[PDB]
Amino acid sequence: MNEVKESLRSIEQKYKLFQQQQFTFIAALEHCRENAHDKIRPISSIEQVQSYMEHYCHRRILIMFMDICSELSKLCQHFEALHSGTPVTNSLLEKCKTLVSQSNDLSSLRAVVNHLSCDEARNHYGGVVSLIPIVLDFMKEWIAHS
Amino acid sequence: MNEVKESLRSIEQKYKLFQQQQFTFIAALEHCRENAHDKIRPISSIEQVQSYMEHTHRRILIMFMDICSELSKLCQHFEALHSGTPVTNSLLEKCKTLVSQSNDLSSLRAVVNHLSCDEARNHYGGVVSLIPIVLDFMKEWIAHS
Amino acid sequence: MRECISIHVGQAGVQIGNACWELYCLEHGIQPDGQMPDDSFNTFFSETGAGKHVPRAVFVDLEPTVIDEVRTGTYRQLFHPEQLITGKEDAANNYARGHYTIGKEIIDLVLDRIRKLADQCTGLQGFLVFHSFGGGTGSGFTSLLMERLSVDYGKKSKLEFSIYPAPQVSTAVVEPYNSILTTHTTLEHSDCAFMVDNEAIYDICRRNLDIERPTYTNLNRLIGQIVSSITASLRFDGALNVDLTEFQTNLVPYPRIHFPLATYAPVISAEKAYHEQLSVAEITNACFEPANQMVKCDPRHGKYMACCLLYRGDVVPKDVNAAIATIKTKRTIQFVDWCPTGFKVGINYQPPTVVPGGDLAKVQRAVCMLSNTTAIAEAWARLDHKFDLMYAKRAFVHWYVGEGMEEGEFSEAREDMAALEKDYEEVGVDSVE
Amino acid sequence: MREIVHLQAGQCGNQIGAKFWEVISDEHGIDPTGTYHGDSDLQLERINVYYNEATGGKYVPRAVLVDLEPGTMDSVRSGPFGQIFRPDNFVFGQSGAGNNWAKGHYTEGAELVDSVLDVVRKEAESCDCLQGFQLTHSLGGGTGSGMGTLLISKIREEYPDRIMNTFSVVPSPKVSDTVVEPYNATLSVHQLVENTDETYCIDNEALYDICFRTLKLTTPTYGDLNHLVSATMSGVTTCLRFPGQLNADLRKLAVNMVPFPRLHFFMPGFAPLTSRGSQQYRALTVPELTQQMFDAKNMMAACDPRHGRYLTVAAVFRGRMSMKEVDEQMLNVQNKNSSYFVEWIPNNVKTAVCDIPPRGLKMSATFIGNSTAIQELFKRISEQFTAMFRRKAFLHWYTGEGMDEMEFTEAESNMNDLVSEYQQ
Amino acid sequence: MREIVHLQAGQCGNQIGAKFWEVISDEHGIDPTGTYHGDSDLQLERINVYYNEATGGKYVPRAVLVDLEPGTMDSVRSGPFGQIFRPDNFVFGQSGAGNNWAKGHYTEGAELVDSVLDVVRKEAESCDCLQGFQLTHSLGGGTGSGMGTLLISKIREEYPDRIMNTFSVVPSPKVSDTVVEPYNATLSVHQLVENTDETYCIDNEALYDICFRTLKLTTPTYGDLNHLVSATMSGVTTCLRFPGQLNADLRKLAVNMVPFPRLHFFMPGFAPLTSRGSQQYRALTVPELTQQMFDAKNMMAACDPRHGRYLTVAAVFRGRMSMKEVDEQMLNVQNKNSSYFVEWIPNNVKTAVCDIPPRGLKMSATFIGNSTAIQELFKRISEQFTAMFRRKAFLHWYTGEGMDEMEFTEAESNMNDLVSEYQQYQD
């Protein structure tokens, strides 16, 4: 229990530093979409952000997003190892695991969104910017139930 | 599991390079059929493509044969990974049948849109459809496994 | 219908108007992303078919770092994403450069968005320009905008909220210049421009409000609950309503004398309210002490020439007119003699809303006493003296005359304010026959 | 968004500018590689004012290093951050000027002017919206006083709009490390005053003084003595790259501060300066700033503010903070020292606040203060110049170029005029 | 489908073209055995343009080697990609050039020219639809201009209306490596200007300098100094065989850059030139690629382009981009360098693009420029000629070979006329 709270607080501190650079993250994604010729579709997955970073990239802020998603995914594994859980904690953990899955569709996900234009929030980045804060809330709720 | 995914990705990369040369593959087959005096029948098997190749065009025919050989080896690697389920075993048997040297491809249709209606119906629609269909069944097999 | 547009120009506009929309969106059931989980909102909202409302706003300035955190805040999603107008290079507290060199590259697209917003909704009646006299982009850039909206839109009313430099608290040194260079344009092309300083907001946050160490967040919030109260009956029902077109015919005696104050008198801390009830007869007595007047001038040296009493909440109209007649008997509040009627009230059915996480207390009563006075006569004449001793040897003129504009406009200021100071003594005298 | 271009010229100006790019980068997070490995997102969104983006996710500073000898720069390659510079920026000569204003402005400056101004144009017009030109030099030796005077003679003509921010490490009052440095200094200011926009003045004796009295260090090294002047010049720019409640540009601090066109020489300062023992004995709030910043122990020039009157005072605060303390304290210091300030200026002091402090520090400040106490510096420099000039001593080189006798009487004539107008 | 014809004569032009066929093979993916091993099929649709198809899957070139010495030819069979070349092209004699134009052209020039032109005629009718000429000559050599201006002059009573490209390594009048070279030089321009169409002026002096600074090499040798002109001309002959977004041909170029009959002279160029030390620090994008091409120290002149305005400019891009990048980045350079483009062209630059990058890069380009600055090269060769000539030196040799002192009089007389027109329109 103490270790997973310390891990969550460490991820929250990294996420605060990432959130201060949200405009640089959006500019990084837009330049990668330009180089990919992929301006038509929303950014729908963590895997798409990774593909942009590897082939079309800004790289530092994309790495910071990927590192936070990796640490959230590892923290889900640590929650599973702590206890067999309850219907509530298991439902929260499964939501976290689904959201931090590489290929999960984020296109409809909305929490960070208020810093986007209505077009960017609806059609481009509203999903991906909403991922981390929503997963952090479910992990806090999971701890509070556990 | 990781090894067979890496093998499949390697075959997909070779197939992408082959697909860019599809017109050269068709021209290679047509010239071989002319030399064989075999313009009447569809190209119906991998063995017929091999016979044409043996008896730039040669390079693209070798690339087709190499991809079919690697797909056949990848079927053997799938069989060795687990005893499977009715679904994975049905997918694997379809792959093994399609990459068998003498299997009839004449009716096989996925690459077909780059052919004229005559070429797609009567000549090459089978052989050009082989690789992409087998790759789909192998992806589906991995996704079930 | 009953509508107006809000223009936030300058940093003293876009920061003050940053804090007004959170109350405004929490004035109603609109969750602040843009949607709503009742035709009141449409005065300051242009509703779309999707359910999203659009705030009536435009944000024009020459600095990029002040508009950008709104574009990265939580109100990038409530707002339509390209009236957040943003320049590149700065006027930076120079009057001649936000008006004649750098602001002129962005003007023609501002008025385009003005025409775009005005021609969607039919019943325009006023404008809410948020600015100040304290900088360059809030002062000189606006001094062209107030003469665009007047000659081109005819006789539409237009209202401003501009802060005023205090005699002791002023951040910039050139602030004696760009105030008096702004006022050559104000009297001829406006109807009202209310006054406040920054110092007297702090004292009410110390004395009547308990919470010490005031940032700009709590200081903005006090003007946020005042411009809500001017527009309180446009969007809501009332026992006695006030619109906005009549404010220009009964608060304004003379063709130059249109500079009144405001007094949100029930301002009270959460525990200070628990040891003193807020009944209406002691509500209206909180307007008239010199401690709660929002400008640092003494009301006991001047004559009032009008008043207004905008109430809200659980106000029966029987306590108000009884409490009207008691203040007439007093001698410490004196009126000029060519206004025997004096007064004006408005009552409404809605309680004022305190901001959650905020520093006021929940009530069911309020007063916003907007009135004019003779007391601003001395506040004008002191800043003519600060203008004089800097122009006595032409101190900061090399950031102005080098921008291609004559010294002679500094001479027209002394033609302006001296000819606009004798009026407070000419027609501010006794009854002469 | 509004980029300013940074130069270092001459070994005095090169060395103090050599330290900037390690401190400014750790105010943003750029590693010794050149990559970004920060923690927060706000420390990239205005990165382009000192940077050019490059492929691969690497940034690069915009230092245009210029000298006349190859000895100075080969240490700068070998320094800690010598691998994050664009190698075409290092431009240098082969034959030494050697502490001469004649060589730095006429002899060896007439040849390598064009191979450097082309690199000036190659960085200037290729970036979007320029805002300034930070040049680090002094009046001490012959290169950095002679080559920087020749360099800015064109920068104000092909680029006559932008703000020229020249810097100066003015010679020490007691002695300095040259024997002809009055000639190196009074020739520099002959063309500085009419042509630049605003100049900083740095004193090198007061570099040493404020590390022993206030920081109590036993080993004052030039690696540490430039770390303090890097903290001030990175402060005037802390609102271009960070937000705040009331933010300050460079010109916004120039149009307010400068009263008259020809009087643009400043005096830096810096509030949190705590000894290694006194760390645990000092509180961090605003009354520990206005006393520690406004005192003569913290100013950086050979002036006597008790003998003079401040024209204007600037004070850029930093850290998220509550600013009635900034208002009401600097009301009081205005109202206490009524004879320390001039009287025809009604209100004197300009406040500015940031929101992100120096790394690991709770809060800080930065002082830039105009004074009418620096005329005796220009009196004593132009007095000891006239001690050397009266017997025509050390005219062995300047006569040899063919420069007339009329050249060196004009710099003394116009340094009578400036010191007659600080009295004004 | 538009096949094209390559020849060479001289020392350098017989070896620069021996660096061409290495470059085009790697663009196409051709092994030293003649077997094709390229990756993409988008090139194989147009493999016929330069290479002749050969039976069995091999592919064969069509260039013609002709010179009077065996040695420089025998270097090519010693070369890396000199093994795919066709064996009956190698027509080699026995005699010595002596760096003499008198023996490359008039004395010995009657014999082997009739024996090599009919092998061109044995390849001209063989192709489907012919396009043009690549004769690769040193200007003013013994086998350089002795066989250069002769060979294409006798063509023109067969092909009057056909395009022609030549890679003329210009003498660069600062210093020269032959004492008789201005005598060899001014007779080339005597017979070309009424006949020649597009010459590529190649300075070795400029390419000694740009391999020194904008490449920063340590030992630039002729095995790589020929490369930077070898890869330049492949961009011109790429839009013939590769699809693009606004594609181009060589006759599309000739309408664009020959306003008067006399003014048709070119400066080549290649866009992404950056040293190995500062590649990772740099980002390869369009608004910085455009700055390399238009640097005045980048194009291959031994002259400054400040005095010389530009008639008409062409630039062939490669790789995938957008075009209002290029359409604006055209329009910008007229606005600021308005005294560097003449007023009497409405659209001063032809802009052409393509779709496929070179190997090892994501995108590239190629600069092709035409000036009013080359007349300082054209005056000074005559200036180092007329200093050698007014003293009546070296006349009895050419008189013994047939060439009088009468012939040398019209050369400066016509270059009085030709070099006037770069100067006349400076107002």
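Using N, Cα and C of the backbone, Cβ positions are placed for all residues, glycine too.
What Swiss-Prot lists as GTP binding site is E:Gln11, E:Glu69, E:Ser138, E:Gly142, E:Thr143, E:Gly144, E:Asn204, E:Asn226. In the three-state DSSP scheme, E:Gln11 (GTP binding site) is classed as coil.
Here Swiss-Prot flags E:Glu69 as Mg(2+) binding site, drawing on similarity to another entry. Of all Cβ atoms in the shown protein chains, 17 besides its own fall within 10 Å of the Cβ of E:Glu69 (GTP binding site).
Around E:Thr55 (phosphothreonine), no same-chain residue six or more apart in sequence has its CB under 8 Å from its CB. The DSSP secondary structure for E:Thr55 (phosphothreonine) is coil. Look at Swiss-Prot and you will find E:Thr55 tagged as phosphothreonine, backed by similarity to another entry.
Taken from Swiss-Prot, the feature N6-acetyllysine covers E:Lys58, and the record attributes it to a large-scale study or a structure entry. Sequence-distant contacts (6 or more apart, same chain, Cβ under 8 Å) of E:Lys58 (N6-acetyllysine) comprise E:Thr33, E:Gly34, E:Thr35.
The Cβ of E:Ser172 (phosphoserine) lies under 8 Å from the Cβ of E:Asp203, E:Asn204, E:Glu205, E:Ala206, E:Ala302, E:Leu377, each of these being in the same chain and 6 or more residues away along the sequence. E:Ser172 (phosphoserine) falls outside any helix or strand according to DSSP and counts as coil. According to Swiss-Prot, the feature phosphoserine maps to E:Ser172.
Per Swiss-Prot, the feature motif 'MREI motif' maps to E:1-4.
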Given a 10 Å Cβ-Cβ cut-off, pick out the one of the binding-site residues E:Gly142, E:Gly144 that has the most other Cβ atoms nearby. E:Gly144
Taking only same-chain residues 6+ apart in sequence, whose CB is under 8 Å from that of E:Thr143 (GTP binding site), what do you get? E:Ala9, E:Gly10, E:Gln11, E:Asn14, E:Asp67, E:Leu68, E:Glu69, E:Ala97, E:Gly104
Tally every other Cβ atom lying within 10 Å of the Cβ atom of E:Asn226 (GTP binding site). 22
Write out the long-range same-chain contacts of E:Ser138 (GTP binding site), meaning residues 6 or more apart in sequence whose Cβ is under 8 Å from its Cβ. E:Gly10, E:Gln11, E:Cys12, E:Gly13, E:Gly144, E:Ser145, E:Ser168, E:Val169
What does DSSP say about E:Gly144 (GTP binding site): helix, strand or coil? coil
Of the residues in the motif 'MREI motif' (E:1-4), how many are helix, strand and coil by DSSP? 0 helix, 2 strand, 2 coil
The correct three-state DSSP answer for E:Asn204 (GTP binding site) is helix
Could you tell me the maximum Cα-Cα distance in Å between the residues recorded as binding GTP, namely E:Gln11, E:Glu69, E:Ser138, E:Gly142, E:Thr143, E:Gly144, E:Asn204, E:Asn226, rounded to a whole number? 23
Within 10 A of the CB of E:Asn204 (GTP binding site), the number of other CB atoms across every chain shown is 19
Three states by DSSP: which one describes E:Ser138 (GTP binding site)? strand
